[PDB]
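So the protein sequences, as listed, match chains B and A.
Take the first sequence: its letters are residues 235 to 368, 378 to 434, 440 to 557, 569 to 646, numbered as in the authors' numbering.
Take the second sequence: its letters are residues 235 to 367, 378 to 557, 568 to 646, numbered as in the authors' numbering.
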Amino acid sequence: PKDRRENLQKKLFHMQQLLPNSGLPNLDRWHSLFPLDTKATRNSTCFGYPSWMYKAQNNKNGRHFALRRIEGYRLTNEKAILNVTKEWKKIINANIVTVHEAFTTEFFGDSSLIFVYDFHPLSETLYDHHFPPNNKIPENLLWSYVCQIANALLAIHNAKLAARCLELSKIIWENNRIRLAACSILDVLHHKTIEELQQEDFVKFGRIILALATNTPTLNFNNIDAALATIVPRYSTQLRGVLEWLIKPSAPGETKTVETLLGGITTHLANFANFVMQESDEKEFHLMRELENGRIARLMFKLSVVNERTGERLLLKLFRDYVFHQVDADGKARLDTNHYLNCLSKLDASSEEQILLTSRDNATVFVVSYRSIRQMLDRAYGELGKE
Amino acid sequence: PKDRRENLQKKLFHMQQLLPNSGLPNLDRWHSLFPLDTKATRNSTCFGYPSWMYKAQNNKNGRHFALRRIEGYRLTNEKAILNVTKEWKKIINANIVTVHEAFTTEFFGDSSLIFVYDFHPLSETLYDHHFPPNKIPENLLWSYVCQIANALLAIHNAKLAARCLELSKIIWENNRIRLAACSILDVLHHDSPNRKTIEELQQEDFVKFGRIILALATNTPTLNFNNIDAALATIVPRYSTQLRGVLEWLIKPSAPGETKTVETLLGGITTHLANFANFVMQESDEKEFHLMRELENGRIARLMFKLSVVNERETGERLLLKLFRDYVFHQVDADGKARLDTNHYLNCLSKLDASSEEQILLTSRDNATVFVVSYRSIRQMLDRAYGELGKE
Ligand SMILES: Nc1ncnc2c1ncn2[C@@H]1O[C@H](COP(=O)(O)OP(=O)(O)OP(O)(O)=S)[C@@H](O)[C@H]1O
Ligand SMILES: Nc1ncnc2c1ncn2[C@@H]1O[C@H](COP(=O)(O)OP(=O)(O)OP(O)(O)=S)[C@@H](O)[C@H]1O
């Protein structure tokens with residue numbers, strides 16, 4: 235479908251996107267740096283330092299990656315990078331943006347620390363997404388968020404680690420898929441036990457969901473119980489119950505763990521697993537249909553290698580003119596992308612439909628089907644492979 | 235990849251796939267019936283009647299569906315088909331082959347009852363897959389447990405039961421399993437003495453659940469009543485203790501003080517549902533990269549469309575596009591023989607599509623002149639020339 239296709243068109247387009255007038259310094263291992271930031275203002279609330287986001291191409295493999303730059307940071311200990319990235323690089327999770335390495339650079343005309351993450355096109359912060367630069380969220384979507392975050396914490400926690408940074412602005416959204424996008428950063432900048445940090449995780453978890461449910465971006469100390477009571481008419485009591493459990497501190501004799509929360513999740517984990525599957529299935533049928541592009545592109549390779557290098572190949576020449584050199588009555592071009600598309604669709608299927616191939620010298624004209632032409636193309640292409 | 239390319243084409247070929255000499259009769263709304271039974275033998279153990287499987291194309295929408303034929307069933311009551319399919323038609327679940335309708339027909343030269351299901355290409359029965367005509381990994385077994393649990397959850401919350409729960413009636417396709425005989429016994433037992441309650445029937449599901457997994461785990465197709473506890477102690481060394489505990493919980497009838505529900509099983513599974521959920525998600529992501537690649541192919545094809553339109557329509571700035579085409583596809587070796595290289599073709603057009611800043615050398619027909627040019631420059635010459643033809 236169209237929305238799915240235009241989403242994919244927007245993803246591929248974001249990756250190629252550049253800014254011809256931009257002046258950002260090329261790194262030793264990176265080039266084509268592109269800004270990901272959506273506003274012109276930066277605060278040090280999130281990191282303790284100003285932050286910049288960029289899309290860049292790797293010089294060695296050419297793939298695109300995301301770089302989070304921390305402004306005004308000087309390395310005072312090579313252990314702070316090495317003792318953190320050694321643990322976080324290993325963590326691979328569908329709801330955590332994977333980090334690869336961390337290094338300092340001086341190319342920004344200052345001292346910056348640079349983290350590399352997987353680049354996810356069209357990702358926008360969960361904050362900006364539910365609170366635009368200027378109603379209520381379905382409960383199902385809220386449960387989608389809880390399950391995804393639960394999946395992440397289970398894995399982080401299975402590594403004797405903690406998220407530390409768990410906020411609306413550091414979780415990326417892309418078609419209802421959310422990921423933790425600031426991992427391993429506070430781990431480095433700070434050099440306090442992991443368990444208490446793990447407990448704060450549950451707390452930060454709760455405020456994020458609570459914020460979305462009550463439609464309030466900024467969160468205060470005073471309404472952890474007030475805003476908790478605004479959700480009972482709009483949402484189920486089960487929802488309010490989970491939020492209450494994550495956010496409230498005590499857990500007096502047996503402290504909060506992810507494994508205990510899961511039974512709390514229950515059907516939504518099963519339901520959720522069902523949803524991702526319905527989605528993986530829908531992509532499967534959508535994939536098979538696109539396979540034609542590969543079949544069509546591969547046909548164009550063959551036709552172009554053969555053309556213009569005589570014989571049976573004359574028809575193939577006459578065929579290209581038929582597909583692409585069509586003109587209107589005044590001599591004006593009859594550009595029709597659909598025509599290009601439909602000829603090749605028919606060529607790929609070895610369609611039995613017939614066409615008229617007039618030579619430049621009009622004395623001879625060939626009546627032929629797409630099937631025959633298709634068989635002719637592979638033939639000529641195969642004879643070039645013999646030598 | 236080779237496997238990814240080959241698996242998906244095998245799906246599309248199977249949906250369209252034919253057998254001309256079959257002699258099979260078109261129904262009131264269906265045509266082009268293609269047989270799916272892979273074996274030459276039929277027993278009436280599963281349904282009580284011989285069964286036949288077909289793929290058929292719908293007369294109205296042209297889409298393919300699977301039809302399970304029950305040979306020799308005479309309709310004695312319409313309430314049997316309405317009362318059942320109205321509840322099951324409502325259920326949409328990824329581990330359940332969705333059922334649409336049920337009707338009788340006489341086109342087979344007899345009395346047949348027909349169920350229509352969604353058609354899932356390249357599907358094979360869980361039985362034939364693991365027991366064809378060394379250990380099954382534990383990860384895969386939990387995947388089956390999670391999927392079946394997912395199905396039972398949806399079924400049970402609909403005040404229904406699986407009824408049909410066997411290896412031969414579950415289809416496997418790339419580690420994805422689905423129940424493929426649902427709503428049938430609902431019909432075939434719709435009219436019989438001593439009916440069990442949906443509550444009692446729901447309990448049998450759990451028992452059949454355990455036996456299926458147990459069967460895969462003990463790698464014994466045939467399972468007997470005497471080894472429900474015997475075959476159960478062989479898996480603690482091969483498999484984890486959690487797994488044995490769950491099978492025991494599912495299979496044993498007793499439900500000693502309370503009877504078993506899926507909601508209770510779910511909490512028993514715990515991390516394995518997350519593991520599974522995490523896995524399906526990553527696999528769904530990989531399809532996204534393959535998807536984008538194919539969409540990319542569309543962009544490459546659209547570039548060559550433009551390029552083919554311009555070429556042989568020249569000199570000037572279009573002479574370079576002509577020379578670019580020679581550069582990409584008319585490459586020859588030192589001997590003079592053609593140098594076919596799809597990779598060369600591929601990487602050139604990728605660079606053309608990205609408006610790469612990389613430069614390449616374009617030699618003219620006459621070996622005297624060579625153009626130092628970038629893909630970006632080539633790209634801008636290409637789009638500029640293509641736009642100027644729509645202007646006239
Ligand atoms: N792995 C990633 N892949 C792609 N885009 C990403 C990735 N991680 C982050 N982003 C993008 O980078 C941005 C990071 O968020 P920020 O720009 O720091 O939020 P912000 O609030 O606008 O800026 P502040 O206030 O200075 S933290 C998001 O808008 C995402 O779109
Ligand atoms: N809903 C379905 N969609 C696609 N293929 C299906 C479906 N249901 C069953 N099949 C295929 O049916 C084939 C065999 O059908 P079955 O009736 O389940 O087994 P069988 O051994 O051929 O027949 P009997 O009578 O049980 S011995 C399997 O290889 C499956 O791929």
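C-beta: ideal position from N, C-alpha, C; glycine also.
Which residue wins for smallest C-alpha separation from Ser427/A, given the options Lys504/A, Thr332/A, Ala474/A? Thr332/A
Using the C-alpha atoms, what's the distance from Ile457/B back to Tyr483/B? 12 Å
Looking only at C-alpha atoms, which of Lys236/A, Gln243/A, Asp352/A sits nearest to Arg537/B? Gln243/A
Here's the rule I'm using: 16 or more other beta-carbon atoms within 10 Å means buried, otherwise exposed. How should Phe520/B be labelled? buried
Taking only three categories from DSSP, how would you classify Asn295/B? coil
Answer yes or no: does any C-beta atom of chain B fall closer than 7 Å to that of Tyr599/A? yes
Local conformation of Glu612/A per DSSP, three classes: coil
Looking only at its own chain, which residues have a Cβ that is under 7 Å from the Cβ of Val480/A, when we skip the five neighbours before and after it? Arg488
Contact with chain A by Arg579/B, beta-carbon distance below 7 Å: yes
Please name the residues in the region 497 to 517 of chain B whose beta-carbon is closer than 8 Å to at least one beta-carbon of chain A, in chain order. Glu507, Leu510, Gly511, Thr514, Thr515, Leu517
When the Cα atoms are used, what is the spatial distance from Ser552/A to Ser631/A? 18 Å
Would the C-beta of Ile415/A count as close to ligand 2, meaning under 6 Å from any of its heavy atoms? yes
Is there at least one Cβ from chain A nearer than 7 Å to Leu270/B's Cβ? no
Length of the line joining the Cα atoms of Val626/A and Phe578/A: 11 Å
Please classify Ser387/A as buried or exposed, where buried requires at least 16 other C-beta atoms within 10 Å of its C-beta. buried
Any heavy atom of ligand 1 inside 6 Å of the beta-carbon of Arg420/B? no
Return the chain-ordered list of same chain residues with a C-beta closer than 8 Å to the C-beta of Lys294/A, the five sequence neighbours on each side being excluded. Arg263
Option nearest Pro284/B by Cα separation, candidates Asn241/B, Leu258/B, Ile348/B: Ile348/B
In chain order, what residues have a CB nearer than 6 Å to some heavy atom of ligand 1? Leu270/B, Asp271/B, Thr272/B, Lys273/B, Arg276/B, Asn277/B, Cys280/B, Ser285/B, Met287/B, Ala300/B, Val331/B, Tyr351/B, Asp352/B, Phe353/B, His354/B, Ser357/B, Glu358/B, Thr359/B, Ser412/B, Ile415/B, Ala424/B
Measure the C-alpha to C-alpha separation of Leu636/B and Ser357/A and round it to an integer number of angstroms. 35 Å
Could you give the first and the last residue of the continuous beta strand (DSSP E) run that contains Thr339/A? 333 to 339
Rounded straight-line distance, which links the Cα of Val524/B to that of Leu396/A: 18 Å
Anything in chain B within Cβ reach of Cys426/A, meaning under 8 Å, just list it in chain order. In chain order: nothing, as chain B lies at least about 16 Å away.
Proximal residues of chain B, C-beta to C-beta of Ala592/A below 7 Å: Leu643, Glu646
Just to confirm the assignment, what range does the beta strand (DSSP E) spanning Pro269/B have? 264 to 269
Under 9 Å Cβ-Cβ, which residues of chain A neighbour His248/B? Those within 9 Å of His248/B in chain A number zero; the least Cβ separation is about 11 Å.
Can you name the start and end residues of the beta strand (DSSP E) that residue 208/A belongs to? This structure does not reach residue 208/A, given that chain A is present from 235 up to 646, and the question cannot be answered.
State buried or exposed for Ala328/A, treating a residue as buried only when at least 16 other CB atoms are found within 10 Å of its CB. buried
Spell out a yes or no on whether the region 300 to 317 of chain B and the region 338 to 353 of chain B are touching, meaning 3 or more CB-CB pairs, one atom from each, closer than 8 Å. yes
Could you check whether the region 487 to 507 of chain A touches the region 446 to 455 of chain A, counting it as contact only if at least three pairs of C-beta atoms, one from each stretch, sit closer than 8 Å? yes
To which residues of the same chain is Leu491/B closer than 8 Å at the C-beta, ignoring the five residues directly before and after it? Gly454, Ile457, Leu458, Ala461, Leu476, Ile479
Using 8 Å for Cβ pairs, my map puts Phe268/B next to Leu246/B. What's the rounded Cβ distance? That belief does not hold up - the Cβ atoms of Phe268/B and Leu246/B are roughly 15 Å apart, past 8 Å.
Residues of its chain near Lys379/B, where Cβ-Cβ distance is below 7 Å and the 5 sequence neighbours each way are ignored: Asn463, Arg482
May I have the straight-line CA-CA distance separating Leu547/B from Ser528/A, to the nearest angstrom? 29 Å
Short of 8 Å Cβ to Cβ, which residues in the region 523 to 545 of chain B face chain A? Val524, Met525, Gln526, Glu527, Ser528, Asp529, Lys531, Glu532, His534, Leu535, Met536, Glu538, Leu539, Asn541, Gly542, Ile544, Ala545
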